[PDB]
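To keep things clear, I will list the structure first and then write my remarks on it.
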Amino acid sequence: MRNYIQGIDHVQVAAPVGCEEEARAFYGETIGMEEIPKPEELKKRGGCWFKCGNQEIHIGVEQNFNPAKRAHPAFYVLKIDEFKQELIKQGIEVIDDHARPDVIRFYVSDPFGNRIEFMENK
Amino acid sequence: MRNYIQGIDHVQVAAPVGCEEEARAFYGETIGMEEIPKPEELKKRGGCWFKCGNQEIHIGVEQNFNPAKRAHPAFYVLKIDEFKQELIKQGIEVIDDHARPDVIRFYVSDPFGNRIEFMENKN
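Going down the list, the protein sequences come from chains B and A. According to the deposited numbering, the residues represented by the first sequence are 1 to 122, in order. According to the deposited numbering, the residues represented by the second sequence are 1 to 123, in order.
Have a look at this one:
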């Protein structure tokens, strides 16, 4: 078979109804992603989209939300140790991980309890 | 604040213990992604990694696996039309989505019940 898949366009992360202020304050303010406008048709669904490099993260509203604690997206970060201190400074709780040896990584939870990984190569 | 975040490096998709054969059959054979060897130190954890463009998908083993039927990763596809009919040819069930009119897209479930989305911009 031919090679159709070109990469990850975006990841969708779930959140409850009314999540927007908190989503904006964490993804936008705190970790510093740029919010982007949703397509006109999809606005009526609630939620927020944010840009990270050539990819996006779509925070989507769910009727019966449960956070994703295991499966999760991993974002590549420049200057990870500087970024991490910027998070710690803002009261974000971080969890370091040394299991993968040529990579620096840590985990955080978004305001809704969803697992996020940040990594950079050593 | 400076702009530290560069992109999505990978997505971790959960699966049960013993999933490797079924994961390779679907992610590798069916959808056609290239299997990537895991770091030596991580072998014992089970699971498999597949390449997609400058990104990866990591299938990670979970004893307490719960499939992600709603929140999911979305993969960009060239010639999605033709990709979709290649999946149907192989007996894969596809669920089209027409809500976003600038984009063609559809969902499938992997063998463990996780939702995956495929999309392409319209020309």
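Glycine included, each C-beta is placed from N, C-alpha and C at the ideal position.
Interface with chain B (7 Å Cβ-Cβ cutoff): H98 (chain A) is excluded. Taking every protein chain shown into account, the CB of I36 (chain A) has fewer than 16 other CB atoms within 10 angstroms, so this residue is exposed. Look at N54 (chain A): its C-beta is under 7 Å from a C-beta on chain B. Within the region 19 to 30 of chain A, contact with chain B at the beta-carbon level (separation under 9 Å) is assigned to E29, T30. For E35 (chain B), no chain A residue has a C-beta closer than 8 Å to its own C-beta; the minimum C-beta separation is roughly 13 Å. Residue pairing by DSSP places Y76 (chain B) opposite B:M119, A:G7 in a beta bridge.
Not one beta carbon of chain B lies nearer than 7 Å to the beta carbon of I59 (chain A).
Residue A:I116 holds the alpha-carbon nearest to the alpha-carbon of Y27 (chain A) among A:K122, A:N121, A:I116.
Under a criterion of Cβ atoms nearer than 8 Å, the residues of chain A adjacent to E41 (chain B) are, in order, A99, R100, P101. If you draw a straight line from the Cα of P67 (chain B) to the Cα of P67 (chain A), it is about 13 Å long. Contact between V77 (chain A) and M119 (chain A) is confirmed by a C-beta separation of about 7 Å, below the 8 Å threshold. In the three-state scheme derived from DSSP, where H, G and I count as helix and E and B as strand, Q85 (chain A) is classed as helix. For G7 (chain A), the closest C-alpha among the options A:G53, A:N121, A:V17 is that of A:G53.
A residue is called buried once 16 or more other Cβ atoms fall within 10 Å of its Cβ, and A23 (chain A) is buried on that count. For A14 (chain A) and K122 (chain B), the gap between their C-alpha atoms comes out near 26 Å. Residue environment: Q63 (chain B) is assigned as exposed (fewer than 16 neighbouring CB atoms within 10 Å of its CB, all protein chains considered). For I92 (chain B), same chain residues with a beta-carbon under 7 Å away, outside a window of 5 residues either side, are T30, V108 in chain order. Among the CB atoms of chain B, none fall inside 7 Å of the CB of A15 (chain A).
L78, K79, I80, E82, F83, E86: these are the residues of the region 78 to 93 of chain A whose beta carbon lies less than 8 Å from some beta carbon of chain B, given in chain order. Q12 (chain B) is positioned such that its CB atom lies no closer than 7 Å to that of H98 (chain A). Assignment of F106 (chain B) by DSSP, reduced to helix, strand and coil, places it in the strand class. Listed along chain B, the residues sitting closer than 8 Å to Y76 (chain A) by beta-carbon distance are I5, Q6, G7, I8, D9.
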